[PDB]
Amino acid sequence: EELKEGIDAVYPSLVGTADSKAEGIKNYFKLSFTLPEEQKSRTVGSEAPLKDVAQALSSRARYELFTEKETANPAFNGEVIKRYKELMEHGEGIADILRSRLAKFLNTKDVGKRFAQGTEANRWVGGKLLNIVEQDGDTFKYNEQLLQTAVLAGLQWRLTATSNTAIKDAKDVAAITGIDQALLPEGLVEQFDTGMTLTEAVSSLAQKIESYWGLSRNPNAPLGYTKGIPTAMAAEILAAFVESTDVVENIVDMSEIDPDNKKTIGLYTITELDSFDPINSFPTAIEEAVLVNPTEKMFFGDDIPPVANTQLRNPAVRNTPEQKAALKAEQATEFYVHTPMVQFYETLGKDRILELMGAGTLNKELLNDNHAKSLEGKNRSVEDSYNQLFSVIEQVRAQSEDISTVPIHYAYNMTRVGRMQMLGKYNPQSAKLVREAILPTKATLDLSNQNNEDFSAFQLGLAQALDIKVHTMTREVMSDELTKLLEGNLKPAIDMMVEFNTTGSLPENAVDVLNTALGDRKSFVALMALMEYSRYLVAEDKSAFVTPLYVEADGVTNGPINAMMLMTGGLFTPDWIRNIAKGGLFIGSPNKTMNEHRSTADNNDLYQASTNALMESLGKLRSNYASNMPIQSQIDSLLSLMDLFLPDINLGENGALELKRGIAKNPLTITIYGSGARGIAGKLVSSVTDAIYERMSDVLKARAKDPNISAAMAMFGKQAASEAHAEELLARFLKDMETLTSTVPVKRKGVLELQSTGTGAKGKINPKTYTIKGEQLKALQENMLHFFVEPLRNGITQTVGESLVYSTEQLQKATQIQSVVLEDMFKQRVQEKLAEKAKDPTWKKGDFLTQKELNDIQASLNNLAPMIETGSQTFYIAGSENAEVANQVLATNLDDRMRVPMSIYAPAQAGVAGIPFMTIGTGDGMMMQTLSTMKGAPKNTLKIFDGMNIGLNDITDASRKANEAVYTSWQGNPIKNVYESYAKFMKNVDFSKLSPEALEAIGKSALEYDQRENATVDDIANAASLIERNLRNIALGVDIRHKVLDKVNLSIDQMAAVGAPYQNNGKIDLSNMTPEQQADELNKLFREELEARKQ
DNA sequence: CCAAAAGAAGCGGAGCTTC
Ligand SMILES: O=P([O-])(O)O
């Protein structure tokens, strides 16, 4: 334990004594950290890190010598060295600002003088930096090594933080602002997606600083300092970047939006460098020079990423051996630049790509204000995508004269729900633009004869890319549809691309040609198809055509189908057999493919079936109120309004109601993820208003093209057949909007009743500022909920099966109950330890617990089975990082601002997360994992969770293995896994130890709404034990269903497109049988097996 | 609705209070 002497020898002049017992000023930096047994950072021991790294970066020779490496990244050339020299000079500026802020802090309120006299200011939430200062005459100054190293981390963070940020969805934004996701104003999510909250910025910053300091945390040091000191430094650096304008701080006032919320939220945006800044070609020089084992870097050639030991943001969960194997397999895949697309992108240019794939140049006065904000969000995603791609290309180009020959590797990690996610924000897996320029797919085809198997594969790839639903028709039929398109509407674009793959030039109207030829088929992969077809046309040796064009073996209604196969636990029913066939599970039809099923057996997929069940359910609701004209009218107005702006809603001339599968796609999807009815109503309403806000921009653009244009023939001109026909459409719109915002349906004892809101909506509409706000959005929502979503949910349940719904409810209840106990017990164990610490003179409130004390508290929860094991995957549903456990500030900057709450890794309630976790995890998660590690695992693919991109040369075998992988995941039993964990929990849990708050939460999950109020600890305990039994029975059934189904002859083509189904070779033949007959035989096998168990 | 959480700032030196 000579560590004390060691760290003191490195920082012998820091203020205070490294002894938590000493009476005077104690130095918590020396108490909190220790030198690593093996060097982690090259700045440790350095007296002037900035000067030393600046010199290291001054020349390639000096760099190589500093990083003790014979060679250096070729991208580190002259122009780049020059940018870094300038950035280093800027680091001196940030350091100078930091030194002055400290000086100010020391002067104000005589803090420094008081600190010198013994006031323990180095323990205050805003004075932890005083732990890295040194006495200087009558004042104090930063230890230059710690300060400059932190500024270097600040520089690296400034360069690449933005590209490592997570994407914020509605849910996220709602959490931050506290505003109901359904009411989130327009563009709010965009403003918050392009920025970083305080927690977000400081957190990532503190991580970098601590890593660059290169020390290790002392397990017996208070988190208040081990985590607080690096965080305090980060807060000061963020403040310094605000002063230097490297970062813009924007305090968003929620009261301006929702006048009831008083939250004011800080948003931090890093100032972007010019897209053409040389530093973009090599933004990680500092990182790679400072750290022994750099984190941020590209992996070229044979430089492969290491394999992550723990699940993403879940340190407590280790990646299983099979998961690690999968990660290794995916990281070994070599990706390569497709020069043709890169050249095409570069020639079209950023502006035209935005015009073609974004919103082009939008002038804020020809567009609705809300619509505008949406278009701006669209442009951003594509633009950042474009710039990221070319910064990558700039670095690849330096690795060789032929960029198409430089192998690129990507790091991956397993997420909380078992998905193999490629690290980074804009990469082949996450960004469509990048996916068509950097591919792992490659094949050499013989396209000299259009009758070759190779040409057919090529056709399949082209058709799928061009939006031909290749999995719904046979290969032969798709071949004809593709030909028709290539020879017809696409011909003009094809000709242009031919010219491009000859002279390298594009017409001035390239965007119009493409846009016209593609229509709604437009996408980045569609551009790849046009490019690849045109390259083939001009190809010299069509006998050996090399192309990365791919075919995606794509899951058909994957999530829902997986849930149905994994969690249906009763006897087999004919409706289930017919419905599961829609997902590629064919019983008694050897070698049957999805292509044949859709063309000769059933043309309706699971979405269509849901939509059709919705129509039935909707019809029933109308009958129950057949006599109530007010209701009938409210329903007609809702349907009228949707048919007015949504493609999937058609109202026939004679009133015939038609709904297209599209309307059910997301609702079904998220309903399988545990979503509630209100959330679905909210999304449907948003898709309506978005169409409306856009139609307002269609109007503004109508008046500019002709001032004397009737509102009717300006808003519905293109959607009408005349001016009178447009007048009646406008009548509908105005009618519906007023009725749907002034009147809303209410649930009063099972019956629906209309009530005025008093907040009706009407008046001269201004196509410029038109907006449906709060109370009116709420009304549209209430109408959507009861007249459309309610029946939709009934339709969904009827389609996926009530048995599956029952299973998901028990799963949700079990995992929720368990998470409540984990959360509560953990907080109490913490509370007891703190009350125990308050009796310790060395300890101070604000200091928290040590990592060892936290590790102990977590270990003590093991008997409650916090982890769910499957044998190949581990799930920690309750796991999280929240501020509710410590409930205090960790640190602030020296201006008493940027107060970062102390977050701790600890269990928190699960809510409904148990459903997504287990369904995604044992479903598509396990399948991809299996696909990456199974015998003969397909090579050179790009896996995207529920679909996989395959090179045209291996489409048949890779897709058959994919279907085999699906079959393998269908042998899983997530309920059984939950059961095993829950049963251990039930035999060690003590409900009497739970706070009244926790015990009530449990009552909600385990008890009927009519038994909470007076529920005794012994009551809810017996109710919880009932769920264990429910789970055990569900799991037993699932286990039998899987065994029995495996005895029958099955053709599996869930990962459809190619027509290569996996055959399980079941011995029992169920061919020439109706679904009713098959269900009878399967149930016979079931009842038979049931006895085997009983005996 | 899962994928990662999540207010700011005076006064005083924590944590209550006001917007
Ligand atoms: O083109 P897909 O969606 O049928 O695979």
Side-chain angles (χ1 to χ4, degrees), chain A residues 432 435-436 439 441 456-486 490 518-530 532-533 549-562 581-586 592-609 611 647-648 660-662 664-666 668-669 924 927-928 931 938 941-952 954-956 958-963 965-966 1052-1062:
Chain A
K432 286 170 159 60
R435 187 181 297 164
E436 304 315 313
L439 316 283
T441 53
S456 178
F458 190 57
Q459 289 184 303
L460 181 67
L462 292 174
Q464 184 176 243
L466 257 15
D467 263 358
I468 289 175
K469 294 297 165 293
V470 304
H471 83 280
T472 68
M473 58 189 78
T474 60
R475 188 74 63 86
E476 293 69 34
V477 174
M478 89 72 193
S479 163
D480 286 321
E481 307 217 315
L482 176 62
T483 295
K484 190 68 171 180
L485 214 70
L486 295 182
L490 304 177
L518 297 165
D520 51 350
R521 296 181 185 285
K522 176 172 59 172
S523 62
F524 285 102
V525 70
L527 296 176
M528 169 71 105
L530 295 181
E532 293 306 283
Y533 184 67
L549 188 75
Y550 56 74
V551 165
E552 184 180 22
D554 206 24
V556 180
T557 58
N558 190 78
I561 292 293
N562 277 331
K582 287 144 143 43
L585 175 50
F586 308 122
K592 184 181 177 181
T593 74
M594 177 57 75
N595 312 255
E596 307 168 331
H597 187 255
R598 288 297 266 70
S599 62
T600 71
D602 185 346
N603 187 51
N604 300 317
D605 61 17
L606 210 59
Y607 295 148
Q608 242 318 315
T611 295
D648 299 347
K660 305 178 178 180
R661 56 186 290 290
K665 187 174 172 54
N666 187 290
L668 174 57
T669 301
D924 67 71
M927 178 271 263
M928 287 301 180
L931 198 45
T941 66
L942 171 65
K943 291 175 184 62
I944 308 178
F945 313 134
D946 64 352
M948 175 175 80
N949 293 170
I950 308 169
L952 299 188
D954 201 35
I955 58 168
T956 307
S959 57
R960 184 182 300 102
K961 289 298 195 310
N963 284 130
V966 174
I1052 296 77
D1053 194 16
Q1054 150 66 26
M1055 296 303 281
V1058 185
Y1062 173 68

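Just so you know, ligand 1 is whichever comes first in the structure, and atom 1 is the first atom listed for that ligand. Chain letters run A, B, ... following the sequence lines, proteins first and then strands; every chain starts at 1. Side chains included, hydrogens not; waters and symmetry mates left out as well; all remaining heavy atoms used.
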* Short question: side chain of A/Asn562, backbone of A/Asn558 - any donor-acceptor pair under 3.5 Å? -> yes

* CG-CG distance between A/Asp605 and A/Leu668, expressed to the nearest 0.5 angstrom -> 9.5 Å

* Asked: Heavy-atom contact under 4.0 Å between A/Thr472 and ligand 1?
  -> no

* Asked: Do A/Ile468 and ligand 1 have an N or O pair less than 3.5 Å apart?
  -> yes

* Using the six-membered ring wherever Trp is involved, compare the ring planes of A/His597 and A/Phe586 and label them parallel, tilted or perpendicular (cut-offs 30° and 60°). => tilted

* **Contact check: A/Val470 vs ligand 1, nitrogen or oxygen atoms, below 3.5 angstrom** => yes

* To do: Look at A/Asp1053 together with A/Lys592 and state whether they make a salt bridge at an N to O cut-off of under 4.0 Å.
  => no

* Close-contact set for ligand 1 against A/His471 heavy atoms, below 4.0 Å -> 2 (P), 4 (O)

* To do: Report yes if some heavy atom in the side chain of A/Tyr550 is under 4.5 Å from a heavy atom in the side chain of A/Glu436; otherwise report no.
  => yes

* Asked: Quick one: nearest non-hydrogen protein atom to atom 3 (O) of ligand 1, plus distance?
  -> A/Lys469 CD, 3.9 Å

* **Residue and atom name of the nearest protein heavy atom (relative to atom 5 (O) of ligand 1), distance in Å to one decimal** => A/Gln464 OE1, 3.0 Å

